[PDB]
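Only one chain is included here, represented as structure tokens and corresponding to the form deposited in one PDB entry.
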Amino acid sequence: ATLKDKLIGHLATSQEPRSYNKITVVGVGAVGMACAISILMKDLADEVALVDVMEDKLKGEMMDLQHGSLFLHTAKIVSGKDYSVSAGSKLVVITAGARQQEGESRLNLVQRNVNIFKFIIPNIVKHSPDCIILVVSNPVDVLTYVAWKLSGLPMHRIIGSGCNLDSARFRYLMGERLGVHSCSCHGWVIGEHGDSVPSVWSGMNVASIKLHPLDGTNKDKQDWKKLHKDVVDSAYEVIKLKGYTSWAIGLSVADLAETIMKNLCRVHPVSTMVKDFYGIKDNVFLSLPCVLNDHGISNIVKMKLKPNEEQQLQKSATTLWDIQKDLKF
């Protein structure tokens, strides 16, 4: 005597609801909403859970997203201040962090993030024993190590956004200069995400043709090196212009989630544990070309860098290991 009861009948047999390709996003900031809508628009998950501390903003983000249900293919959208809402995720994207202040030292900024992460990550793993974590938060190589350390996850189930987007940007700029689509141009920015990112000049190519053998070469002087500078610059340009970053990054992450979710074994420059790789001796995460599958990092692509290069790589590992003087102030 209910509309529902008059209209929907039942088979004698049935099974408790279910979600198998669940993904959870932490933070409903600009990066978070951008990551969440590109995952959605991509049909990577049969469930998406959004987790933030800001009640209002969360519910409202949740709602906006739910109202568009008819236009999507993700069955269940949810949000929670509580972590049990993320219970059963395949993948977790973390985009929650502090943004670095007036007179803040990289040590104090990472320390700040350590005390936020203490509440985030422990709860994720308890509700999602089988998840893989994807750290977006900056500084990414340090926050990845923290997430690793805070969770207790095999090192392969802990990935950092690392140098993916940067490479995505490098390939873009090449393409504009060369006249071919960014997906036909191939070059790699690896190392420590940021100003200290190494551009593998000698891997640069189109079709399989090494730019280096043709330009007579290039690494040292005759305007090409430029290409690396506004990869890291043009990123500050954006901020200065818009007041933040979201679209490119979100897109970047969906790219990573598709590979992971669809067990592709595609090669990505993401932040990994690079201990005793290129003479690095301690527990430092940096970007390397990794194959990804559904259990996270499946393998590492062993580049053949020059010393010039690996030296630089080493300088990052030291510098980062130094910050790793964490657990308070």
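We call the rigid core the largest set of C-alpha positions that still match within 1.5 Å between the two forms. Throughout, we count residues from 1 along the sequence that is shown.
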Quiz item: Would 203-211 or 162-170 have the larger average of its C-alpha temperature factors, as given in the entry?
Solution: 203-211
Quiz item: Per the PDB record, is the mean Cα temperature factor higher over 186-194 or over 105-113?
Solution: 105-113
Quiz prompt | Of the residues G60, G68, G279, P269, the one carrying the largest Cα B-factor as recorded | solution = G279
Quiz item: For the listed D141, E258, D233, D130, which has the peak Cα B-factor recorded in the PDB entry?
Solution: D233
Quiz prompt | Entry-reported Cα temperature factor of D294, expressed as the chain third it lands in | solution = middle
Quiz item: What third of its chain, lowest, middle or highest, does the C-alpha temperature factor of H73 fall into?
Solution: middle
Quiz prompt | Chain thirds of CA B-factor: placement of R157 | solution = lowest
Exercise. Sorting the chain's modelled residues by C-alpha B-factor, tell me whether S84 ends up in the lowest, middle or highest third.
Key: middle
Quiz item: What third of the chain, by the recorded C-alpha B-factor, contains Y244?
Solution: highest
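Not on display, but discussed next: the form deposited in another entry.
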Quiz item: If you fit the two forms on their rigid core, which residue out of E104, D82, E176, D233 shows a CA shift of at least 2 Å between the shown form and the other one?
Solution: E104
Quiz item: Core-aligned, does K315 move its Cα 2 Å or more between the shown form and the other one?
Solution: yes
